[PDB]
Asks: 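The structure's right below; bear with me while I get my questions together.
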Amino acid sequence: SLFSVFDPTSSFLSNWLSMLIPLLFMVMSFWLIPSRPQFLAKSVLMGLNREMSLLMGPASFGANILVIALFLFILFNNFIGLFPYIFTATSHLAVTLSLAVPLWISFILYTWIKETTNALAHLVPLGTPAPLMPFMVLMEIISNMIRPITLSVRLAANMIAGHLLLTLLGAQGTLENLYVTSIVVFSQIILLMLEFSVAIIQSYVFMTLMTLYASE
Amino acid sequence: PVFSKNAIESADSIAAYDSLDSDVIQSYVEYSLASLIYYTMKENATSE
Amino acid sequence: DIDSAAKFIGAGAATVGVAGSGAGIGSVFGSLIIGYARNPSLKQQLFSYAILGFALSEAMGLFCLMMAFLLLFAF
Amino acid sequence: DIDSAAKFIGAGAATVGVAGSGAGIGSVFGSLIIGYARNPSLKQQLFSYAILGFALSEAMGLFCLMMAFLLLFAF
Amino acid sequence: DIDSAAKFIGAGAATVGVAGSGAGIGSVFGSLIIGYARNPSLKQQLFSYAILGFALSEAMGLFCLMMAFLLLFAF
Amino acid sequence: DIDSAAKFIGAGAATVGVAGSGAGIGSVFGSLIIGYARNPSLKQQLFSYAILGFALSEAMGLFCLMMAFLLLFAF
Amino acid sequence: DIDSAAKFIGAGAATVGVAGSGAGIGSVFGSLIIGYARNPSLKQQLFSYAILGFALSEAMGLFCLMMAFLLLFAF
Amino acid sequence: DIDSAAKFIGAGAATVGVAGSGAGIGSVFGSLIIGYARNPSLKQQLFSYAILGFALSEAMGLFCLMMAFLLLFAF
Amino acid sequence: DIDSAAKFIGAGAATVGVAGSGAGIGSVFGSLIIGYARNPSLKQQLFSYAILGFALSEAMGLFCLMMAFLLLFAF
Amino acid sequence: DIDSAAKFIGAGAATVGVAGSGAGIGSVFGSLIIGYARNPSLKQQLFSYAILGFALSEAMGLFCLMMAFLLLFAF
Amino acid sequence: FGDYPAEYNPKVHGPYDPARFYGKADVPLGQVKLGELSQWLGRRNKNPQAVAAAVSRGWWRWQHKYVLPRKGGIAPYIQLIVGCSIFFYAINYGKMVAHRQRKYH
Amino acid sequence: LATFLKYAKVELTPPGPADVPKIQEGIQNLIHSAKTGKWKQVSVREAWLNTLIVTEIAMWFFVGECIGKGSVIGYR
Amino acid sequence: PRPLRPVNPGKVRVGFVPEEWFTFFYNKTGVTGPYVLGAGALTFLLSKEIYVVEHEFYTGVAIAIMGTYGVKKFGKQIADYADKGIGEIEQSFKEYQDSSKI
Amino acid sequence: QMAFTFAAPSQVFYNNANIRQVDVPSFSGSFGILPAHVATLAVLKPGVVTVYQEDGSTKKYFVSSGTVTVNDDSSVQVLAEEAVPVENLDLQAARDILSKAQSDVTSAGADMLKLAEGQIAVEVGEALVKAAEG
Amino acid sequence: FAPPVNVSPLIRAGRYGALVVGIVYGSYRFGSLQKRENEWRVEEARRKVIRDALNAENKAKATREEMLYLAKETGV
């Protein structure tokens, strides 16, 4: 029924089991020389760790793994959720808000507690005039306040729109007419390649933005 | 070695060199040839 | 009557959001022309990044068309 | 005939999406001008990319026009 | 009475759509200025490309104006 | 008075088309600044092209303004 | 009674045509920055065009705002 | 039921706001093409900021798409 | 009743015009990034132009948001 | 009950202003790609200008988004 | 909590193989002659810790068969996708049945 | 796929007409296994399989029901 | 006994189905036994509409086509990249042992 | 930390000297050079080169024309024909040169060669006046 | 693959017996439910006519009242 993908109230075993899916798809290491999937997963993680270390800095020892785990959580829910009957956890705004709000609070509160006057000088972007200074302060306060909203919305609303556009094409895929079915399947192949790329891009966007907010 | 404009524009590494039109490369090889001839003239005069 | 009529206005006003897809596609492929003219040896890698920009612009425009079709039929 | 009236407003609102095709075409051929100015020894591939960009931008504009006619007469 | 009112509203909303054609024409002619500045020996081929870009953008703008006049009079 | 009512609304919608002329003129004169900065030895010739871009870009917006008068004192 | 409603909606719709003027002003001053960075020797000539460009990027925009009063109190 | 009809018109009018995100994404990936073709030694690092340029602009357009659900499944 | 309702409609339609101020601000500060990357020794003088662009760009927004509240209450 | 309905229409038309913030953010970060392609050693101050410029442009869009919660609830 | 199970003896059983059951040698369910199947079911305890241990032993047997070998393929990942899609269809049994195409069938 | 067609000819063919007295001797042996034993002496792997096989016979019955009713999805 | 690492994983027919499922029936139903059991199962699910052909079946079909095309096009390249890395690691460990002996 | 070589037929100014930044006036516009700037080439114009030494000292050199070569290893080789320090300039001779250049432009008439000579001398006169005043 | 195996005659006999039973049961049930569907369509035609007449009258009156209310709101 169009929106029936986004109904977690399914049965006695609800659709919240879509969050235990990343425990199944995480590589387990037994032998000393790794297998193909373990080596591929470790190579991707090492590559992203090297990319995020440039933006992090030396005073962010905990940000090596705290953003990588968030990247894998978002990536697995976005990627394995696009398979047909699997519920997509990050489509809902609750899960994305649950990921974005606590780390943003852990950035804002810790920066205010640790360096207060440095943050107040950081409000002025080093050259703006004093009459525009209160406006820049208000701009900085508002822009920091809508940071976790613009992460949760950008992940949840994008995943919802990405699966509703597939559901609209699926509902028009009649089985009696083979021509319409072949058009629907070909257009869904184009759309699903776009959705897989958008899924990985949006997880990388969240990792990059959490790293930038952690360092700043 | 001395290379002309066409021998430089057709090179493999010249695609890595930015802001290159025909006029810039033409002017560059004209002055680079003049500088190389000057350097060879000074060394030849000292050697002679 | 009234609810059925205004769904046409909602769908037509949501159709304007594919103008941004048309502008984004034009900017991507125009700059691909500039990128190719600057460095023709990388035309295989320039075209690969321009396809990504075309895909993301298409993604925004199709999202607007999805909302247009949603208001037109799904309610 | 209020529903037909709302269809006409929806079609008029759906025809603005060709503006994005108009801007994308301008960007493609404006950047074709700059690209041919910089590297006039590759104008066949530049015109190939300009044709591809113009075709994709005009395809988005015709998609907006198709939605402007689909809710007008068909549905 | 309501139908003629909705035709007026749709005609206005369709005549919005020549905005992106105006922007594309502005981008084409500005980029013609830049391309002729960086290479004044090709002022005849670039002007032809500028004419082609402006003709296609004004074609999209006239398509919006055509849809405006069709919704105002034809249906 | 719904006919004159939607005449006012349709005219107000048709006056959005001046925005595209405003952005087109800004892009023409922006590129005139850059094209003068790169090759200032042909400036008046560049200036003539800028006038021609203005002679098109404002004209497109004026056509939308003309449609506002056609929705106010002609139909 | 609905004429006041028509004037309010028409002025509200007519007040979007200055967005394009704002984008043109932003493009002119952006390209003034670039053209001054490239060739800072002709600063008093670049400003001599940019303000002229700014006037022509706003003369159309205020015309839309002129309609936002002409639809509102004059007609 | 004027409330549900104007909620459909409101959601349709708010869905135009994703066009700016589509244009911004296209300009980001277009200037990514230019930046990679000019300095291909930083192909990853430019691409990282290009991905960052894909993020924040999209965070504006999908914000309008949030209202496209807020007026329907929240209000 | 209808007058206050249409004042809400006109104020909502007038608040679109701050989009053009937002785009002009983005073009000004983007080209400030470009211009500073060529002559960083001009990092004050370019920034003065960038502030001047913002001091005009948001002024267009300061017209349109004003043309919301003046339409919402005063007019 | 037309008052609440027109508040919904005004809120929908107010949400269109976030598009221009999205386009301004795209221009800022696209130009960050171009500026970083020519002077990577300045990138931190270049990055700071983006974090300046985007923080202005997005703020203008949020002002329109603030009207989506100001013309909807308080007015 | 992480520790080896109490039946594991590193001086007797060699290195730790988590897919192996180190307890007393009970008859596997495959070769039970079904006349003693109720006795076999009563012999195995139904504690949740033992159930989680049997699930973990089975999951490590599957890891050892399809993932832990060096030149492993994408067959284990397709098995996970199909197994998750079937399970999530059985979870949404009502949500898909209530939108059938035929009536009687 | 030709070998699959070969196996279909070998294995998906109706039984021989001369084995009817034989299979009844088998069927009564199942009756002899329905009263005395020969099923509580069955390894669960084998028992699993015997059930599995039978499910295949019942699925052939539903395939035949699809043949008799024409279309597959429902009774049209 | 000590655990051993086989070079090749378990045998798989039809992309993902294990080969032990197909060879389990060979005592009774031959080679087309399991295949006709799966065919009868799919026909029975689509007959009684236990498996309802919804808007997600065509998503699953498009995923299956994309997955088959992507795996057949990039499986050799990705397996070669991974086995190159594992060989480099094992070579580095062997070089360490030889250098320690020297 | 940029290897900035600045030589001429008359003098050699820097030879692989580590320089923070160089402001080159080129034919493609006056652009600045930092470490790992870009691999471009450039053609000099009559103008002022500003050199930022590692101690923070700023020096200026008028260049008539030459070649600028920024390589991949952050090495810059500006090679003018007649590069002088800007402190060794004459403002009055610059104004006389510019005035004589404008006189030659006026008196060129239909002579395109002398017209080009007058235009070039006008550019040099303007650059010399701006450098002496600057 | 492996060499082919002839199936057990009891398995083949039961499988094709179930196939035949399926064909005749599908024919019988389809013939049975066809009359039931025809009777359901017969009564649903009258139910559709009554529902269509009542709903169209109610929709027309509600549309008239709604248009009168909106004309009252707009003042035209």
Side-chain angles (χ1 to χ4, degrees), chain D residues 8-9 12-13, chain E residues 1-16 18-19 65 68-69 71-73, chain F residues 1-19 21-22 58 61-75, chain G residues 1-21 58-75, chain I residues 1-17 63-64 66-75, chain J residues 6 9-10 13, chain O residues 74-76:
Chain D
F8 306 144
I9 294 179
Chain E
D1 303 336
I2 176 179
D3 231 4
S4 304
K7 287 178 177 62
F8 288 163
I9 293 178
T15 47
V16 184
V18 217
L65 210 59
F69 274 84
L71 284 174
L72 195 50
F73 292 92
Chain F
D1 294 327
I2 192 180
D3 295 78
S4 68
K7 276 178 185 175
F8 285 164
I9 300 179
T15 46
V16 188
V18 204
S21 67
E58 164 203 28
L62 283 185
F63 287 155
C64 298
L65 176 65
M66 185 189 70
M67 280 294 306
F69 288 159
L70 298 192
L71 292 194
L72 228 58
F73 304 106
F75 296 152
Chain G
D1 295 327
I2 209 179
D3 290 325
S4 66
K7 292 182 287 182
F8 286 146
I9 302 179
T15 37
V16 197
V18 251
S21 74
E58 213 186 13
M60 304 320 126
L62 297 178
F63 285 172
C64 105
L65 203 57
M66 171 263 295
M67 303 288 297
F69 294 154
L70 256 71
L71 255 54
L72 192 56
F73 303 118
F75 299 141
Chain I
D1 204 321
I2 186 184
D3 300 333
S4 65
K7 277 190 301 182
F8 297 152
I9 297 180
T15 44
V16 192
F63 279 179
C64 303
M66 179 204 67
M67 275 304 298
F69 289 160
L70 291 199
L71 198 63
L72 190 56
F73 307 135
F75 300 150
Chain J
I9 284 180
Chain O
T74 55
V76 304

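Per chain, numbering begins at 1; letters A, B, ... match sequence-line order. Quick note: numbers below take in every heavy atom, side chains included, and nothing from hydrogens, waters or symmetry partners.
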Asks: Shortest non-hydrogen contact from F:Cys64 to F:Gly17?
Replies: SG-CA, 3.6 Å
Asks: Assert yes or no for the condition that the ring centre distance of F:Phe75 to E:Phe73 is strictly below 6.0 Å.
Replies: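 Ring centroids of F:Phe75 and E:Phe73 are less than 6.0 Å from each other.
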Asks: Pair up each side-chain donor or acceptor in residues 1-13 of chain E with any protein partner under 3.5 Å, not counting sequence neighbours, and list the distances.
Replies:
none

Asks: Would you indicate whether the side-chain heavy atoms of E:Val18 and F:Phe63 approach each other to under 4.5 Å?
Replies: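 F:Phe63 vs E:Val18: side chains apart.
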Asks: Excluding sequence neighbours, so at least two apart, what forms side-chain contact (heavy atoms from CB on, under 4.5 Å) with F:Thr15?
Replies: F:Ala68, G:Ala14, G:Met67
Asks: What are the two closest non-hydrogen atoms of G:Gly61 and G:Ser21, and how far apart are they?
Replies: CA-CB, 3.7 Å
Asks: So, taking the atom named CE in I:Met66 and the one named CG in I:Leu70, what distance separates them when rounded to the nearest 0.5 Å?
Replies: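 One finds 5.0 Å between CE of I:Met66 and CG of I:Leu70.
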Asks: Check step by step if side-chain contact (heavy atoms from CB on, under 4.5 Å) holds for G:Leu72 and I:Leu71.
Replies: CA-CA 9 Å; G:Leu72 192 56; I:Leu71 198 63; 3.7 Å; yes
